[PDB]
Amino acid sequence: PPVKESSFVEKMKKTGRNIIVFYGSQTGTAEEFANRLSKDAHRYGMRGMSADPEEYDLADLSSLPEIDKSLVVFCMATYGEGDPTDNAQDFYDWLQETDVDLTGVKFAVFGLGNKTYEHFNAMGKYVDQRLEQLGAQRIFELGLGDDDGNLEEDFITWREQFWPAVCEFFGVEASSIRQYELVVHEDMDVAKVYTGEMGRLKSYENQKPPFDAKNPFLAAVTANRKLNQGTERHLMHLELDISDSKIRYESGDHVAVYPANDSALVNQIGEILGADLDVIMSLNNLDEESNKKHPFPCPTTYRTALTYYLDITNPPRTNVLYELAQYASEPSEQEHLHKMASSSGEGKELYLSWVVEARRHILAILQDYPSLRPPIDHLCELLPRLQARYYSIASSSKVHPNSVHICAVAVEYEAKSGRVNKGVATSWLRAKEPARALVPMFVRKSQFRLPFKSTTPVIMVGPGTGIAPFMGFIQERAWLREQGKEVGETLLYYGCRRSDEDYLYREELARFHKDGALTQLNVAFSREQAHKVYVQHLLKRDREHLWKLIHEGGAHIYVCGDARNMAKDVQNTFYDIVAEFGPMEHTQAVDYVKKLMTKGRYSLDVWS
Ligand SMILES: Cc1cc2nc3c(=O)[nH]c(=O)nc-3n(C[C@H](O)[C@H](O)[C@H](O)COP(=O)(O)OP(=O)(O)OC[C@H]3O[C@@H](n4cnc5c(N)ncnc54)[C@H](O)[C@@H]3O)c2cc1C
Ligand SMILES: Cc1cc2nc3c(=O)[nH]c(=O)nc-3n(C[C@H](O)[C@H](O)[C@H](O)COP(=O)(O)O)c2cc1C
Ligand SMILES: Nc1ncnc2c1ncn2[C@@H]1O[C@H](CO)[C@@H](O)[C@H]1OP(=O)(O)O
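Residues numbered from 1 in each chain as written, not as in the entry; some residues may be left out. Chains lettered and ligands numbered in written order. Heavy atoms only, no water. Residues with missing side-chain atoms left out of burial classes, pairs and counts.

In the PDB header, X-ray crystallography is given as the technique by which the entry was determined, and 1.88 Å as its resolution.

The name the PDB entry gives the chain is NADPH--cytochrome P450 reductase, with Rattus norvegicus as the organism. In the PDB, the entry goes by the title "Reduced CYPOR with 2'-AMP". On record in UniProt, under Subcellular location, the comment for the chain is "Endoplasmic reticulum membrane". (UniProt positions renumbered as here; feature names shortened; annotations may be inferred.)

Encoded structure:
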């Protein structure tokens, strides 16, 4: 646990704030929403601040009533399996244990979730319920943002009704403002300029453990090979050297990496704006009291900022386009940008089709609305931060303690915007050549793990890149057998298009099967025949034996890969197996499978 800042209420008093917005964020979405709401306060005769709950003791909520017409808002995303984001875990544990009386506290919650997940918006729902139980009063309805539809629009809709409700309750009423000031640095020592590191200046050059999110370890890429035969896609296997990093990991964990944006994209942004990207500068918070001195590590050059610190590839959110509208000299273009933030009508329709569906990134917008010429410093203040990307470690630390393996598909597709979009992290990783290519990384512990007992049967289901954590699982189960331990059945249900085209790790898997590390190697080749053959079809085929393992053997089920359709289709097949052999009705079978999840016998590692 980090050292907590002093009372946030006392800070609000000293700064004249009456609204504080906390963010439970893993990948920065909730963080940006909280900042937007904090800034909105100003437009309604109020003053707010955004804050990371992990840096404070939320028990001070009981003192919030000491400030007249005060309000606290929580923008909380859910993560893992219906769990709090890492930065909100402390707050979550407090909520569960405390008995503090929050009479007088006024609150509102906007939850960020995804309906395709088992526990939709669990964190937002919990915080909203809990604050009321503790005696606080809800000032506005709980917002349920759904990233499976369009989260940005859900926030827009909620926000548009939130402020009027707040104004009406507190009896308050409704130009561009900058949060940072530009300071150019002439003749500055190169030793004080950030060049891409995340935390402490020169932390990338002078590596000192422990290594984590704020201090990533630069791991040498010792291997990077194409796993598939065709040319339609690029599937790759990479091996990262973590020797001497003191980093520990287990099969099932994830490795996070900090990539660099495409240099050509960065160059073009500077070029179209007519800005010198090599100018060394700092963007300093006009609020000298704030803990957030800069939008990203400063001093640094715009080129470095656009390359390592800012997201320049995802579709800009509406507030960014709204603030940029002032720099568009063509009326129709200024209007289009202005209306992107609309909660209905053609403005909303245009945002959804022209920006989101077409996947237009910032450069694309600057190109298609050529009158839009914002100053580079303001643009850097508006763009969100570049996030680390997570990969399921494809190796076992029992076999490869000094190496972390990655199995990924390179992202590259034709967007409706007319250009070819490239995945930031995958394009960057793909270009890493062994012999010294370094990847800034860190390990995040997951709850995806092999059984504690070697004798417990394992059922692994992971088609495509979903096979990633299982290569580690199999390496380990094979190692255990080699160590003379008694290992239960180890079944793999894998899937790809064709055996001679994209059968990932075919050679390695054949080996494990031949040696007995893999009890069964069930592979569904989806395109070797007219009808689709998927992993769930093989599960249904083996329903009798799978039931025996689940019902009598206490087997652990693992599902990895596509969370859009495969995960649910597989889950549905398990519902059918349980229903037939229980026997029991569908409803009961569903409850049965969900109970397996709660007992740690049905684990997921699904994304996108
Ligand atoms: C816990 C976890 C584990 C993961 N494990 C792995 C893993 O082991 N292997 C792996 O390959 N990935 C895995 N990922 C995904 C990985 O983290 C990245 O999201 C992925 O590699 C893409 O990153 P990128 O930076 O290359 O692409 P980005 O620049 O982040 O672009 C990604 C976005 O591109 C858009 N997009 C992609 N294709 C299209 C399309 N055809 N049409 C329109 N839009 C599209 C989508 O919005 C997608 O979100 C995992 C993710 C999580 C969260
Ligand atoms: C590994 C992972 C697990 C997730 N688990 C859940 C979940 O259990 N429930 C839910 O509603 N959303 C879940 N989501 C979706 C996020 O809550 C949603 O994308 C949110 O917008 C992320 O906000 P952030 O960028 O502020 O963390 C998950 C996303 C990832 C990547
Ligand atoms: N909904 C689904 N359930 C299980 N596998 C799926 C799936 N959708 C696609 N797949 C298969 O997952 C593997 C990796 O993408 C491919 O064989 C793909 O087959 P397809 O692409 O031929 O449909």
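### Topic: helix α14 (residues 468-482)
The terminal C-alpha atoms of α14, which comprises 15 residues, lie 22 Å apart, in line with the 21 Å expected from a rise of 1.5 Å per residue. Judged by how many residues are buried, α14 sits mostly within the fold: 12 of 15 residues are covered. Buried within α14 are the following residues: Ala 468, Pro 469, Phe 470, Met 471, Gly 472, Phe 473, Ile 474, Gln 475, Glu 476, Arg 477, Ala 478 and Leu 480. The first or second residue beyond α14 is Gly 484, which carries a positive phi of 85 degrees. (Helix = DSSP H or I, 4+ residues; strand = E, 2+ residues; numbered from the N terminus. Expected span 1.5 Å × (residues − 1). Buried < 20%, exposed > 50% of the residue type's maximum accessible area, 1.4 Å probe, protein only.)

### A few points about the environment of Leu 277
When you line up the elements, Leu 277 lands in the loop between α6 (263-273) and β12 (280-285). You can call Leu 277 buried: its relative accessible area is 4%. It is 15 Å that separates the C-alpha atoms of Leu 277 and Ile 312, two residues lying 35 residues apart in sequence. The residues contacting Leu 277, other than those within four sequence positions of it, are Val 266, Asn 267, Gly 270, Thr 301, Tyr 302, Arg 303 and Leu 306. (Contact = heavy atoms within 4.5 Å.)

### Notes on the site of ligand 1
Taken together, 16 residues surround ligand 1, and among them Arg 389, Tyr 390, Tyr 391, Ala 425 and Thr 426 come closest. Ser 392 places a polar main-chain atom, nitrogen or oxygen, 2.9 Å from an oxygen atom of ligand 1. In the environment of ligand 1, an oxygen atom lies 2.8 Å from a nitrogen or oxygen atom belonging to the backbone of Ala 425. With the chains in place, 69% of the 980 Å² that ligand 1 exposes on its own is no longer accessible. Elements supplying a minimum of two residues to the shell around ligand 1: β14 (389-392), β15 (403-409) and α13 (424-430). Among the elements that make up the shell around ligand 1, the one with the highest residue count is β14 (4 residues). Taken together, the residues that form the shell around ligand 1 break down as 10 nonpolar, 4 polar and 2 charged. (Near = heavy atom within 4 Å. Polar contact = N/O pair within 3.5 Å; in protein donor to acceptor, adjacent residues only side chain to side chain. Areas by Shrake-Rupley, 256 points an atom, 1.4 Å probe, with all protein chains shown as cover. Nonpolar A, V, L, I, M, F, W, Y, C, P; charged D, E, K, R; others polar.)

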